Structure formats: C-alpha cells, structure tokens
C-alpha cells in the first residue's frame, strides 16, 4: 500500500495472509485474501497460476505482521485450491481473477471466530456501491514502487470507487477494463494498492454491511495519475462462488 496507515488485524479481521514454502527453509509471502466463511478464503487466481501446487501454501488468519508472529494467529493448510477456468492475462489485465482456497488446520478444523478473526460479507447478486463511495484496502504490499521488500506491519488505506466511463477513458485503461472489474483511486493519486497487495480485499459498506466489493487484481504502477487500481467485481461472480461454496 502506498501511503495509508499502519494498522493491526483487529481492524481487518477477515484479512488472510498466504505464503509459499521453499525447499531450503524459507517461506515467502504470496498474496492477501479474505475469509468468506469458516473454511473458505477468496483471493486472485494470478497469485497461484504459476505454481498451482496446493501443498506448498500456508494461510494464516489473525496476523498483524508479515514474518513475526501475532498472538491469536491461526495457521492452515490449503485443502482445495479452486482457480477460475477462463482466467486470462493480457498486457495489463487479468480476467476472471478470483480463486477460492478451502483451509484446514493440522487438527482438521477451519477458522474459529475471535477478535482478530472474522468473516467479511459477500454482496448480493450484481449489487455494488455507487461510484464516489470510500472503501478500504489492506495488505502487506510495497510502500513504494521501487521497494524490493514488503513492510513487516499490515497497512490499510482508503480509496474511492470511480465509474467505468472514467476508467475506460483512453488515457486511463481504455477497453482493458471490463464490466467484471471495478476501479478505485485516491482523488489526489496519493495512496493506492501496489505489488504484494494482490488478492486482498476492497471493502465498502453496502446496505449497512462491510462488504467484500472487490479483490485487488492489477494496476499500472502504483499511485500514478490516471492509472486507478483495478479489482475483480465480486458481485458479478456470486454464481461462481456459490458453485464452489455450497
């Protein structure tokens, strides 16, 4: 996250941190995710596409720091990894960039509710906030495009949803953005999501509930004028989510 504030997981208790195990001993961060129900975390297919070996990933809930432990955290193995058939990447965009991870602890259980572990709500079919709505994004991604390391402390920021007409202007992203995506930016192009924030949540209050409106997917640069962050439009994937979460 470029800009934003440092925060703790109590402020984003549905945030899930996904890591990958390496032969040699290191575990590295992959992407963020969101807890939708006790056993399911939703993220982005591009986070796994290149290495779809579920056994090598670790999911943690209740984590405020990247490589140190947080009291209350829960560790899970990925029982199922569901990628979107029809996911496609082009020169910038990722299409149908949504994935589901079914989690299981070493004791055979799913997540348990706590002050640091909570689920986020799903929107109703094709229902979105209107542009102009402020939503929050959270993640362990870069703090500056030139950094080569991720922050140790979780960050969060606020961005506003913008219209498809504005995002699809030739000097923004043109037709690269589809109706299955959402764009959000800071009015002053000061804060934004960046590499490392992929898979994480775009949360907005919708009909009184804090709702998972988008999944951080792509963007050209980070906090660049006329280059908003693009997110997978969750409201348009409800049938797909239901199909695998029944």
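Numbering follows the first chain given and starts at 1.
- Query: Which of the two stretches, 90-98 or 161-169, shows the higher mean Cα temperature factor in the record?
  - Reply: Mean CA B-factor is higher for 90-98.
- Message: Averaging CA B factors per stretch from the PDB record, which one is higher: 121-129 or 149-157?
- Response: In the deposited entry, the stretch with the higher C-alpha B-factor mean is 121-129.
- Message: Take the CA temperature factors straight from the PDB entry and tell me which of 206, 30, 212, 184 peaks.
- Response: Of the candidates given, the C-alpha B-factor peaks at 206.
- Which one of 64, 178, 188, 67 shows the biggest C-alpha B-factor in the PDB entry? Within the set 64, 178, 188, 67, 188 shows the top C-alpha B-factor.
- Lowest, middle or highest third of the chain for the C-alpha temperature factor of residue 236? Middle third.
- Within this chain, which third does the Cα B-factor at residue 229 fall in: lowest, middle or highest? It belongs to the lowest third of the chain when residues are ordered by C-alpha B-factor.
- Thinking about Cα B factors across the chain, which third does residue 41 belong to? As the PDB entry reports it, the C-alpha B-factor of residue 41 lands in the lowest third of its chain.
- Item | Assigned third (lowest, middle, highest) for the C-alpha B factor of residue 60 | Ranked within chain, residue 60 CA B lands in the lowest tercile.
- Message: Based on the deposited C-alpha B factors for this chain, I'd like to know if residue 196 is in the lowest, middle or highest third.
- Response: It belongs to the middle third of the chain when residues are ordered by C-alpha B-factor.
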